[PDB]
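Asks: A single structure is presented below for examination.
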There are 2 protein chains.
Amino acid sequence: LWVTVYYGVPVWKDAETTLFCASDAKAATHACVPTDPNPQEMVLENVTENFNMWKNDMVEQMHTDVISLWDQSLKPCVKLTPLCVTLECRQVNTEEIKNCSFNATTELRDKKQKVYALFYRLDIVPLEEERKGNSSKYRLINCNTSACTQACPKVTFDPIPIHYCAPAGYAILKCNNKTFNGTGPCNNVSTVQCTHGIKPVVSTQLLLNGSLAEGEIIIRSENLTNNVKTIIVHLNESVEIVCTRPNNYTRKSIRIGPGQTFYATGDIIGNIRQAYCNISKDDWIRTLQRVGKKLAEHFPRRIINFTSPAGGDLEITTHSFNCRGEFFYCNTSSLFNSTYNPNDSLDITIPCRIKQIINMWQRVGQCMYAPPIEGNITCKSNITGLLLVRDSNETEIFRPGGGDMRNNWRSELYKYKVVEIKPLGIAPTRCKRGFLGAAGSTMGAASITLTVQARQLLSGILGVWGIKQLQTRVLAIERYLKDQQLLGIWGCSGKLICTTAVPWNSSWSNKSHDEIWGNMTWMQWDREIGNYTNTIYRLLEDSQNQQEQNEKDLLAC
Amino acid sequence: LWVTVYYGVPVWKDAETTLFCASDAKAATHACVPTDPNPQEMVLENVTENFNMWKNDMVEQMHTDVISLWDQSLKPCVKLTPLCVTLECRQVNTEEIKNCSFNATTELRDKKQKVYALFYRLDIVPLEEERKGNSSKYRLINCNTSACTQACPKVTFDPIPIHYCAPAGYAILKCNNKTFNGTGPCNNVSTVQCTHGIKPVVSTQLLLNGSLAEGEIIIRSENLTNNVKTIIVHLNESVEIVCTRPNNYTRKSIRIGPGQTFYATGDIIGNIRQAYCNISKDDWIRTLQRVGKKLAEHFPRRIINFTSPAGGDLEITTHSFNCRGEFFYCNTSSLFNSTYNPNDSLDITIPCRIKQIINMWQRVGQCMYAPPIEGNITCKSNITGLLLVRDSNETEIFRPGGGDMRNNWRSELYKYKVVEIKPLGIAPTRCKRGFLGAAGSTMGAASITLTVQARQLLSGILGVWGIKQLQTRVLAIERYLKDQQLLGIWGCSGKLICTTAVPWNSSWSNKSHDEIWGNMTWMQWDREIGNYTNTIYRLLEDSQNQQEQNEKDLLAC
Ligand SMILES: *[C@@H]1O[C@H](CO)[C@@H](O[C@@H]2O[C@H](CO)[C@@H](O[C@@H]3O[C@H](CO[C@H]4O[C@H](CO)[C@@H](O)[C@H](O)[C@@H]4O)[C@@H](O)[C@H](O[C@H]4O[C@H](CO)[C@@H](O)[C@H](O)[C@@H]4O)[C@@H]3O)[C@H](O)[C@H]2NC(C)=O)[C@H](O)[C@H]1NC(C)=O
Ligand SMILES: *[C@@H]1O[C@H](CO)[C@@H](O[C@@H]2O[C@H](CO)[C@@H](O[C@@H]3O[C@H](CO[C@H]4O[C@H](CO)[C@@H](O)[C@H](O)[C@@H]4O)[C@@H](O)[C@H](O[C@H]4O[C@H](CO)[C@@H](O)[C@H](O)[C@@H]4O)[C@@H]3O)[C@H](O)[C@H]2NC(C)=O)[C@H](O)[C@H]1NC(C)=O
Ligand SMILES: *[C@@H]1O[C@H](CO)[C@@H](O[C@@H]2O[C@H](CO)[C@@H](O[C@@H]3O[C@H](CO)[C@@H](O)[C@H](O)[C@@H]3O)[C@H](O)[C@H]2NC(C)=O)[C@H](O)[C@H]1NC(C)=O
Ligand SMILES: *[C@@H]1O[C@H](CO)[C@@H](O[C@@H]2O[C@H](CO)[C@@H](O[C@@H]3O[C@H](CO)[C@@H](O)[C@H](O)[C@@H]3O)[C@H](O)[C@H]2NC(C)=O)[C@H](O)[C@H]1NC(C)=O
Ligand SMILES: *[C@@H]1O[C@H](CO)[C@@H](O[C@@H]2O[C@H](CO)[C@@H](O)[C@H](O)[C@H]2NC(C)=O)[C@H](O)[C@H]1NC(C)=O
Ligand SMILES: *[C@@H]1O[C@H](CO)[C@@H](O[C@@H]2O[C@H](CO)[C@@H](O)[C@H](O)[C@H]2NC(C)=O)[C@H](O)[C@H]1NC(C)=O
Ligand SMILES: *[C@@H]1O[C@H](CO)[C@@H](O[C@@H]2O[C@H](CO)[C@@H](O)[C@H](O)[C@H]2NC(C)=O)[C@H](O)[C@H]1NC(C)=O
Ligand SMILES: *[C@@H]1O[C@H](CO)[C@@H](O[C@@H]2O[C@H](CO)[C@@H](O)[C@H](O)[C@H]2NC(C)=O)[C@H](O)[C@H]1NC(C)=O
Ligand SMILES: *[C@@H]1O[C@H](CO)[C@@H](O[C@@H]2O[C@H](CO)[C@@H](O)[C@H](O)[C@H]2NC(C)=O)[C@H](O)[C@H]1NC(C)=O
Ligand SMILES: *[C@@H]1O[C@H](CO)[C@@H](O[C@@H]2O[C@H](CO)[C@@H](O)[C@H](O)[C@H]2NC(C)=O)[C@H](O)[C@H]1NC(C)=O
Ligand SMILES: *[C@@H]1O[C@H](CO)[C@@H](O[C@@H]2O[C@H](CO)[C@@H](O)[C@H](O)[C@H]2NC(C)=O)[C@H](O)[C@H]1NC(C)=O
Ligand SMILES: *[C@@H]1O[C@H](CO)[C@@H](O[C@@H]2O[C@H](CO)[C@@H](O)[C@H](O)[C@H]2NC(C)=O)[C@H](O)[C@H]1NC(C)=O
Ligand SMILES: *[C@@H]1O[C@H](CO)[C@@H](O[C@@H]2O[C@H](CO)[C@@H](O)[C@H](O)[C@H]2NC(C)=O)[C@H](O)[C@H]1NC(C)=O
Ligand SMILES: *[C@@H]1O[C@H](CO)[C@@H](O[C@@H]2O[C@H](CO)[C@@H](O)[C@H](O)[C@H]2NC(C)=O)[C@H](O)[C@H]1NC(C)=O
Ligand SMILES: *[C@@H]1O[C@H](CO)[C@@H](O[C@@H]2O[C@H](CO)[C@@H](O)[C@H](O)[C@H]2NC(C)=O)[C@H](O)[C@H]1NC(C)=O
Ligand SMILES: *[C@@H]1O[C@H](CO)[C@@H](O)[C@H](O)[C@H]1NC(C)=O
Ligand SMILES: *[C@@H]1O[C@H](CO)[C@@H](O)[C@H](O)[C@H]1NC(C)=O
Ligand SMILES: *[C@@H]1O[C@H](CO)[C@@H](O)[C@H](O)[C@H]1NC(C)=O
Ligand SMILES: *[C@@H]1O[C@H](CO)[C@@H](O)[C@H](O)[C@H]1NC(C)=O
Ligand SMILES: *[C@@H]1O[C@H](CO)[C@@H](O)[C@H](O)[C@H]1NC(C)=O
Ligand SMILES: *[C@@H]1O[C@H](CO)[C@@H](O)[C@H](O)[C@H]1NC(C)=O
Ligand SMILES: *[C@@H]1O[C@H](CO)[C@@H](O)[C@H](O)[C@H]1NC(C)=O
Ligand SMILES: *[C@@H]1O[C@H](CO)[C@@H](O)[C@H](O)[C@H]1NC(C)=O
Ligand SMILES: *[C@@H]1O[C@H](CO)[C@@H](O)[C@H](O)[C@H]1NC(C)=O
């Protein structure tokens, strides 16, 4: 037999690459392309692939892009250096809100003004002074760390969905195997150009506004026997939650410099009220009993205890939640107060704390200040999942947890993998001299299909964001040219099928013509002879396509 | 008949693209290429094209580039934050100049010094104090808005001409139709690689140092019956204007911080004099009577009144003018003080105001401070055009106007349009299987010419400015490769003329062989069969160049 060169071979390799950031065509948006994701999903019949949501670079890539766009939005905003002064505070007489006085900087640098603003106790750090009941002195939290930046008017906290799209030459494989646990084989896969839109919703403990499971509740973890891993629970039903801050604050504007202002909380309209969340009781209870049972399947002969918060540090103990730019730290200890034993009105009130100083993304010194928001601050959302951490007592104790934002994205991106298409390949023949739809079928069947299908590959012919696009285009060109070049030197113009003068080595494969062509798919073949790739290429370029020209044409002198 | 593929077809599409910024080869200059514009203008005989100066992206592109380079020049300069202090001012006893005292910051931050500087009243804002005749207190204008930046020594105010040059694959079409009014057809066009140099001269009301009209005075507007549009008047003769500031100021240098100084006005040498402009009276009068008549042609049976300034706000009421970095706001109400009635020494003195705080480009907060300039501040220039705004009384009342800098560039760029060359095309033949100079002629004539001319297309084979160049090169490569690729798959190597096996459809065109080849130009043809482009390409790539290989070569097994 003889080596035949094929172009358009439906095989791929796992590969990492920068994906395009696509936005909403109807539209932190200037960086992304507002196009149609065109989710022309194709199912690959009879194809099984290995997915691993814990090693998915799309998650890491998203983490970086979410942070980067978020940071750009604060770039032109005011650094509140003038507020890192002694604050004289008194109790508001209109127990978490204090009335503080400052000597602020005026438009003129040689003048100061005495101004006041209201603050939440959580954002204020006492100096070496005690509560006297009338007055005491304070520092703003983080004045010993960073010049915290005020969010600008029109900074958007709208979790506008992001779509990731493959560069030409790459494809995104989606796992449709309902109940797939995030690792191992998926026996139902399909390919897309783009992912569904993912809303970069930021939270801890309770995952909000995501995609619900198609089947039953699925519990996923990198390692279920590792008590240091986060367990992601995907609900198949949403639970209604609505949060509100019913205390009518007024926004004041204080000049703190030559062309800049600070937005201060003040003039509380009459009543003092605690912020809270409204959670349906029957749905919460049903949800945990159902989660309990699924956990029991993973942890049999154990009592399940969804009974404890983290321990007391607000940053990790409460539910980090955003509402229209407002920041809530809600106490969920009343939700996670139950057990499960497999063989044994009507709402829930969650009190919430409000804080204006935000250590976003767990970074230190990258501080944002949230200005007060006037009006009806109420947000209604869907709990779609849980982040649980498993803790001797023949009991599996669980606590809600989080803070690693990657888990909020693994929870959506677990369905996707990125691979690189590798159109060249070889196989023996007896003759001497929608792209991946032909996958899961034998090489023979594909070779017929590819006489047409191979041409679908021809469809592939802001600061750092400008660079990401340039690298993407340059790489696409580079790979294209390398393949064109190899085909050129091998004498394979008319590349879909190219017979050559290189003989087949039984040492590469000793399978018969029909054993190979009718009992293997192209990927199986690629693996079986994969380490002879360089050998074959040398035989084709250094010998046969040189000898076949020199011994025929130079003789024509 | 049969479809024949042609390469080098002289057709084009209107297209937007980033143009190269070219500079003066003899030379805000580091960003542009100091090359030879090589204005090898070619006239296209018998070609009519549609131009629209009001929709010209070159104007918008220039606006951005002028601003961007101007801003880079101030990037390393000192922000005068130390001067936003209370100013104690007294009348200068050497009525617009005040003597002001400051407590300036010394090299050491713990010391202040009492210093003084002179200021123009226009740059000073009173505090809550009255004139007493001896002293009062002030703020510098814009200390409530922005930390105005001092122009550095060696910031250049030299309106160095810019040339725009087309990327390979693009051409710039120039309209040579004298009296063309900016819209509609131009019956005399030519192509260039580069535009003439355009000096980015900034002014309002009177356009200075531009290109004079070849013929008579031309009046252009997006809409002459719209009283909200600016009317651009292009003179065919220049009017001499010279402006001067004869008051001998001395430059003082005040340290205002650790490594930075402020340049202060002071020590007036003896005399106080008002700045002014010198305008020839006979030329001004002749110019307006001539403009009046041309306006009467557009607005017949009306009295024309060139009689009024904007109304009193210095920023829009006066003539914004620059002289060696100095900023003048001259009162032109004495120029625009006349009428016209179609059937009915020796100079003009224009008093001028001088201002050091500049809100360049109508932006707010992007403030520049102009340091005092010592010596003979006199500039002689050419008025080359007017920006007029038309205001019931059977009179057309005109006022000088401006502030939208784009109009200062539309006035030069009205002659140019950018188009993209599209070298591939098809036409029927009877056979089955300087680039645009051949334009305006029939396809037949061009097809002979193109056997040579098509090869001229082969000649096409700093921060953001680095990106503009990279995008330009990458795109040129991308387009090149796409065309090479299509020709490859269609079997059209030797691309200038390529017969194919695809039959001609009478449904695309039912014109005869000679009706098509001898009575149409290539652009006319491209329009007539333009929507069949994808149809033809599919027939060529999916069918004929696949079938023609498989049915001939695979049989050779
Ligand atoms: C899970 O998903 C839900 C649903 O999207 C989120 O809840 C929504 O959150 C958005 C904010 O991100 C809320 O939008 C705000 O609504 C205010 C009320 O709108 C009134 O007027 C509209 C007019 O058509 C009516 O339809 C509506 O019923 C009300 O009558 C607006 O005033 C807000 O405007 C602000 O932003 C715009 C943006 O351009 C500015 O121009 C405005 O000046 C102003 O700043 C804003 O539109 C939305 O109402 C919420 N819906 C619900 C049901 O709560 C959840 O928050 C999300 N979960 C999480 C955790 O985010
Ligand atoms: C319309 O077009 C006219 C013509 O170009 C412009 O008027 C000219 O504007 C430029 C400034 O942009 C003026 O240039 C300045 O001239 C000063 C006088 O030069 C003397 O020495 C030269 C030596 O050969 C003699 O030729 C000349 O007659 C004088 O004897 C210079 O001192 C200035 O130098 C400054 O810039 C250089 C740049 O490197 C620095 O090195 C110097 O230290 C210094 O900073 C400068 O050269 C020019 O004189 C003007 N000509 C006239 C006739 O006015 C108009 O301004 C323009 N219209 C508008 C609106 O801009
Ligand atoms: C989400 O996942 C949960 C968990 O699998 C699904 O719960 C299942 O709900 C059905 C009823 O709709 C339960 O069937 C009935 O349960 C009662 C309980 O006493 C029993 O008496 C009946 O004979 C019958 O079994 C089913 O058991 C229950 N599964 C579990 C494990 O509890 C839920 O339906 C899913 N929701 C969606 C939208 O798919
Ligand atoms: C710039 O455009 C103006 C406007 O078209 C041109 O003005 C024209 O100038 C010529 C003289 O050079 C005028 O011709 C003579 O005018 C006198 C006026 O009383 C008349 O008596 C003569 O019989 C003769 O017509 C011509 O009329 C005038 N046009 C208009 C509309 O007034 C000017 O010449 C142009 N300049 C250049 C450099 O081309
Ligand atoms: C926060 O404190 C300020 C002052 O520390 C309170 O404002 C004053 O209220 C008194 C009441 O008669 C007025 O007479 C003063 O003119 C107010 N202004 C100032 C600057 O003293 C303010 O009401 C307190 N805020 C709340 C919400 O209680
Ligand atoms: C996800 O499901 C896979 C498949 O059942 C689990 O992996 C198997 O774990 C058993 C445990 O002894 C092994 O014997 C199998 O060989 C494993 N198969 C594969 C393909 O890995 C995997 O552990 C599950 N993951 C989670 C988080 O539950
Ligand atoms: C394998 O995955 C494919 C894709 O999700 C499933 O196909 C869907 O089946 C539902 C059933 O009614 C259809 O409504 C969808 O339109 C189908 N999607 C597509 C893209 O065709 C398929 O059923 C899955 N097979 C199994 C066994 O789960
Ligand atoms: C989950 O991880 C834990 C450790 O992080 C694995 O259990 C331990 O693995 C080490 C590896 O050498 C052994 O020495 C320990 O004895 C193991 N612990 C126990 C209790 O046996 C655990 O096997 C991992 N689980 C899965 C499903 O991979
Ligand atoms: C959810 O919100 C509703 C109102 O929006 C709260 O309803 C109030 O509950 C108190 C409790 O005694 C009643 O006295 C009020 O009359 C109720 N309001 C109305 C309009 O009837 C409800 O309590 C909230 N739930 C939670 C969990 O806090
Ligand atoms: C601007 O004011 C300064 C002072 O306010 C004047 O300078 C002073 O002139 C008197 C005249 O005898 C001197 O004795 C002082 O030594 C000068 N310097 C200072 C710092 O007081 C200055 O002349 C005024 N400028 C103009 C142009 O009149
Ligand atoms: C620069 O600082 C000096 C500080 O001594 C200012 O002068 C004092 O201003 C206060 C204002 O009430 C007066 O009571 C003092 O009598 C002044 N002292 C002297 C010696 O004059 C001075 O005015 C500041 N400069 C400016 C321009 O404000
Ligand atoms: C520029 O000249 C063109 C050509 O004469 C003017 O456009 C014509 O306006 C008349 C007005 O009724 C129309 O009937 C013609 O059909 C128009 N022709 C074209 C080609 O547009 C155009 O209005 C003039 N523009 C200005 C600013 O005067
Ligand atoms: C059409 O435009 C061309 C280009 O401007 C004109 O050609 C110019 O004619 C003058 C007349 O003496 C020559 O001096 C120039 O050298 C010619 N330029 C070029 C590039 O050849 C042509 O005359 C115009 N035709 C009309 C009717 O206006
Ligand atoms: C210039 O623009 C004006 C409006 O900006 C045009 O005149 C008006 O066009 C609207 C369009 O529906 C009509 O409803 C008005 O009745 C028109 N006004 C008058 C007085 O008729 C005007 O036609 C435009 N001129 C040109 C030359 O395009
Ligand atoms: C243009 O500049 C010249 C000088 O450069 C000015 O001429 C002076 O005009 C006044 C007016 O009475 C005469 O007294 C002077 O004698 C003139 N100077 C000379 C040297 O003779 C002329 O006025 C300026 N024109 C304008 C419009 O201001
Ligand atoms: C459930 O079965 C397990 C089996 O080991 C047993 O230990 C546990 O006590 C049982 N629970 C009940 C409620 O019977
Ligand atoms: C705050 O009080 C004002 C008083 O008139 C009222 O109009 C406004 O609706 C209140 N806002 C909220 C959020 O209750
Ligand atoms: C806020 O919106 C909810 C939505 O129904 C409404 O019931 C509540 O009264 C609103 N509060 C204010 C202050 O308008
Ligand atoms: C197969 O590989 C062996 C390795 O030494 C080589 O000697 C032999 O000639 C090869 N045969 C073919 C068909 O290339
Ligand atoms: C390529 O090398 C790997 C190394 O483990 C081996 O497992 C695989 O079978 C080799 N393939 C071929 C074609 O020799
Ligand atoms: C010029 O002709 C117009 C025509 O309507 C007329 O109204 C106007 O009064 C005339 N002007 C003179 C000076 O005769
Ligand atoms: C300013 O006065 C000095 C005094 O000698 C003189 O030399 C200089 O030329 C004058 N400058 C101007 C612009 O008049
Ligand atoms: C012309 O187009 C029609 C459209 O249906 C098609 O049926 C016919 O075969 C075409 N003819 C040629 C020459 O391609
Ligand atoms: C292409 O579509 C446009 C749509 O208006 C039509 O006017 C034009 O004639 C069409 N050209 C062809 C070749 O059908």
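Each chain in the structure tokens gets a letter, A, B, ..., in the order shown, and its residues are numbered from 1; ligands are numbered from 1 in order too.
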Please write out the residues within 12 Å of ligand 10 as JSON, numbers by chain, counting only C-alpha atoms and all ligand atoms.
Replies: {"B": [87, 88, 89, 90, 91, 92, 93, 94, 97, 98, 99, 100, 101, 102, 113, 114, 115, 116, 117, 118, 119, 134, 135, 247, 248, 249, 250, 251, 252, 264, 265, 266, 267, 268, 269, 270, 271, 272]}
Asks: Could you pull out the residues in range 243-295 of chain B that DSSP calls strand (DSSP E or B) from the backbone, as an NGL selection string?
Replies: :B and (243-244 or 250-257 or 260-266 or 275-280)
Asks: Could you list, as number ranges by chain, all residues that come within 12 Å of ligand 8? Count only C-alpha atoms and all ligand atoms.
Replies: A: 183, 220-229, 298
Asks: Go ahead and write the selection's residues with C-alpha atoms as a PDB file, in the first residue's frame.
Replies:
```pdb
ATOM      1  CA  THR A 183     -15.379  14.852  34.640  1.00  0.00           C
ATOM      2  CA  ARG A 220     -20.269  18.249  41.114  1.00  0.00           C
ATOM      3  CA  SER A 221     -16.797  18.404  42.656  1.00  0.00           C
ATOM      4  CA  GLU A 222     -13.227  18.014  41.641  1.00  0.00           C
ATOM      5  CA  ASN A 223     -12.961  15.446  44.409  1.00  0.00           C
ATOM      6  CA  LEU A 224     -15.921  14.519  46.625  1.00  0.00           C
ATOM      7  CA  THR A 225     -13.762  12.934  49.261  1.00  0.00           C
ATOM      8  CA  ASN A 226     -11.570  16.022  49.580  1.00  0.00           C
ATOM      9  CA  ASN A 227     -12.847  18.327  52.316  1.00  0.00           C
ATOM     10  CA  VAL A 228     -10.974  21.285  50.894  1.00  0.00           C
ATOM     11  CA  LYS A 229     -12.866  21.282  47.585  1.00  0.00           C
ATOM     12  CA  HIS A 298     -22.459  10.141  47.314  1.00  0.00           C
TER      13      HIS A 298
END
```
Asks: Have a look at CA of residue 398 in chain B and atom 19 (C, counted along the ligand's line) of ligand 14 and let me know their distance in Å, one decimal.
Replies: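 These atoms are spaced 19.6 Å apart.
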Asks: Could the residues that lie within 9 Å of ligand 24, counting only C-alpha atoms and all ligand atoms, be listed as JSON, numbers by chain?
Replies: {"B": [508, 509, 526, 527, 528, 529, 530, 531, 532, 533]}
Asks: Could the residues in this selection be saved with C-alpha atoms as an mmCIF file, in the first residue's frame?
Replies:
```cif
data_model
loop_
_atom_site.group_PDB
_atom_site.id
_atom_site.type_symbol
_atom_site.label_atom_id
_atom_site.label_comp_id
_atom_site.auth_asym_id
_atom_site.auth_seq_id
_atom_site.Cartn_x
_atom_site.Cartn_y
_atom_site.Cartn_z
ATOM 1 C CA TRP B 508 -28.221 36.718 -14.358
ATOM 2 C CA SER B 509 -28.050 38.584 -17.625
ATOM 3 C CA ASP B 526 -20.694 44.640 -11.466
ATOM 4 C CA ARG B 527 -23.909 46.339 -10.490
ATOM 5 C CA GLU B 528 -26.060 44.457 -13.021
ATOM 6 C CA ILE B 529 -25.016 40.999 -11.843
ATOM 7 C CA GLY B 530 -23.803 41.874 -8.359
ATOM 8 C CA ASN B 531 -26.282 39.777 -6.391
ATOM 9 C CA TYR B 532 -25.286 36.637 -8.168
ATOM 10 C CA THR B 533 -21.775 36.831 -6.787
#
```
Asks: Have a look at atom 37 (C, counted along the ligand's line) of ligand 4 and CA of residue 294 in chain B and let me know their distance in Å, one decimal.
Replies: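 Taking atom 37 (C, counted along the ligand's line) of ligand 4 and CA of residue 294 in chain B, their separation equals 13.7 Å.
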Asks: Check which residues of chain A sit at most 9 Å from chain B using only C-alpha atoms, and return one row each with the closest pair of atoms and their distance in Å to one decimal, ordered by chain and rising number, as a tab-separated table.
Replies:
```
residue	atom	partner	partner_atom	distance
A:106	CA	B:144	CA	8.9
A:107	CA	B:144	CA	5.4
A:108	CA	B:85	CA	4.8
A:109	CA	B:85	CA	5.5
A:110	CA	B:85	CA	5.6
A:111	CA	B:85	CA	8.1
A:257	CA	B:144	CA	7.8
A:258	CA	B:144	CA	4.8
A:259	CA	B:145	CA	4.0
A:260	CA	B:145	CA	7.6
A:430	CA	B:557	CA	8.4
A:431	CA	B:557	CA	5.6
A:432	CA	B:557	CA	7.6
A:433	CA	B:557	CA	8.0
A:451	CA	B:546	CA	8.1
A:452	CA	B:542	CA	7.3
A:455	CA	B:542	CA	8.1
A:458	CA	B:485	CA	8.5
A:461	CA	B:482	CA	6.4
A:462	CA	B:464	CA	8.9
A:463	CA	B:464	CA	7.8
A:466	CA	B:467	CA	7.5
A:467	CA	B:467	CA	8.1
A:470	CA	B:471	CA	7.2
A:473	CA	B:474	CA	7.6
A:474	CA	B:474	CA	7.2
A:477	CA	B:478	CA	7.7
A:493	CA	B:488	CA	8.8
A:494	CA	B:549	CA	7.8
A:497	CA	B:554	CA	8.9
```
Asks: Using only C-alpha atoms, determine which residues lie at most 8 Å from range 517-524 of chain A, disregarding the query and same-chain residues fewer than 2 positions distant; provide the list as a VMD selection string.
Replies: chain A and resid 9 to 12 439 to 445 513 to 515 526 to 528
Asks: Counting only C-alpha atoms and all ligand atoms, which protein, DNA or RNA residues come within 6 Å of ligand 21, given as a PyMOL selection string?
Replies: chain B and resi 301+343-344
Asks: Can you spit out the residues from that selection as a PDB file, in the first residue's frame, using N, CA, C and O atoms?
Replies:
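Result file follows (result_32.pdb):
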```pdb
ATOM      1  N   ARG B 301     -34.370  86.900  -4.598  1.00  0.00           N
ATOM      2  CA  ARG B 301     -35.476  87.730  -4.129  1.00  0.00           C
ATOM      3  C   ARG B 301     -35.438  87.935  -2.617  1.00  0.00           C
ATOM      4  O   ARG B 301     -36.474  87.974  -1.948  1.00  0.00           O
ATOM      5  N   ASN B 343     -30.153  94.370  -6.897  1.00  0.00           N
ATOM      6  CA  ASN B 343     -30.652  95.272  -7.926  1.00  0.00           C
ATOM      7  C   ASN B 343     -30.601  96.724  -7.472  1.00  0.00           C
ATOM      8  O   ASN B 343     -31.312  97.579  -8.001  1.00  0.00           O
ATOM      9  N   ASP B 344     -29.748  97.010  -6.498  1.00  0.00           N
ATOM     10  CA  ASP B 344     -29.601  98.367  -6.010  1.00  0.00           C
ATOM     11  C   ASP B 344     -28.372  99.062  -6.591  1.00  0.00           C
ATOM     12  O   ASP B 344     -28.024  98.891  -7.764  1.00  0.00           O
TER      13      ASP B 344
END
```
Asks: What residues of the protein or nucleic acid chains come within 6 Å of ligand 2 when you use only C-alpha atoms and all ligand atoms? Reply as a PyMOL selection string.
Replies: chain B and resi 158+208-209+322-324+379-381
Asks: Based on the selection just made, write N, CA, C and O atoms of those residues as an mmCIF file, in the first residue's frame.
Replies:
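Wrote selection-v3.cif, looks like this:
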```
data_model
loop_
_atom_site.group_PDB
_atom_site.id
_atom_site.type_symbol
_atom_site.label_atom_id
_atom_site.label_comp_id
_atom_site.auth_asym_id
_atom_site.auth_seq_id
_atom_site.Cartn_x
_atom_site.Cartn_y
_atom_site.Cartn_z
ATOM 1 N N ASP B 158 2.919 74.671 15.480
ATOM 2 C CA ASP B 158 3.182 74.731 14.060
ATOM 3 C C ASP B 158 2.222 73.776 13.346
ATOM 4 O O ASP B 158 2.238 72.571 13.618
ATOM 5 N N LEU B 208 -8.349 80.148 7.887
ATOM 6 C CA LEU B 208 -7.088 80.698 7.474
ATOM 7 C C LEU B 208 -6.170 79.686 6.839
ATOM 8 O O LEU B 208 -6.241 78.498 7.138
ATOM 9 N N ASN B 209 -5.330 80.175 5.942
ATOM 10 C CA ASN B 209 -4.235 79.446 5.315
ATOM 11 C C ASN B 209 -4.652 78.152 4.627
ATOM 12 O O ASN B 209 -3.902 77.175 4.654
ATOM 13 N N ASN B 322 -4.926 81.539 16.619
ATOM 14 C CA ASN B 322 -3.665 81.276 17.294
ATOM 15 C C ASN B 322 -2.495 81.934 16.607
ATOM 16 O O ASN B 322 -2.401 81.902 15.384
ATOM 17 N N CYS B 323 -1.607 82.517 17.391
ATOM 18 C CA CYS B 323 -0.393 83.117 16.852
ATOM 19 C C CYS B 323 0.839 82.703 17.626
ATOM 20 O O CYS B 323 1.063 83.151 18.747
ATOM 21 N N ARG B 324 1.630 81.813 17.058
ATOM 22 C CA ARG B 324 2.813 81.309 17.739
ATOM 23 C C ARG B 324 2.524 80.744 19.113
ATOM 24 O O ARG B 324 3.362 80.850 19.996
ATOM 25 N N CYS B 379 1.744 87.601 13.657
ATOM 26 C CA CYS B 379 1.530 86.574 12.650
ATOM 27 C C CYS B 379 0.744 87.081 11.460
ATOM 28 O O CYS B 379 -0.353 87.625 11.610
ATOM 29 N N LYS B 380 1.274 86.857 10.267
ATOM 30 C CA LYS B 380 0.607 87.259 9.037
ATOM 31 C C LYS B 380 0.022 86.057 8.336
ATOM 32 O O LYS B 380 0.730 85.102 8.038
ATOM 33 N N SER B 381 -1.257 86.122 8.014
ATOM 34 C CA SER B 381 -1.935 84.985 7.416
ATOM 35 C C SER B 381 -2.940 85.343 6.336
ATOM 36 O O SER B 381 -3.224 86.515 6.057
#
```
Asks: For ligand 13, collect every residue having any atom at a distance of at most 7 Å from a ligand atom (counting only C-alpha atoms and all ligand atoms); output as a list in words.
Replies: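 Checking only C-alpha atoms and all ligand atoms against ligand 13 at 7 Å gives residues 41, 42, 43, 176, 177, 178, 188, 189 and 190 of chain B.
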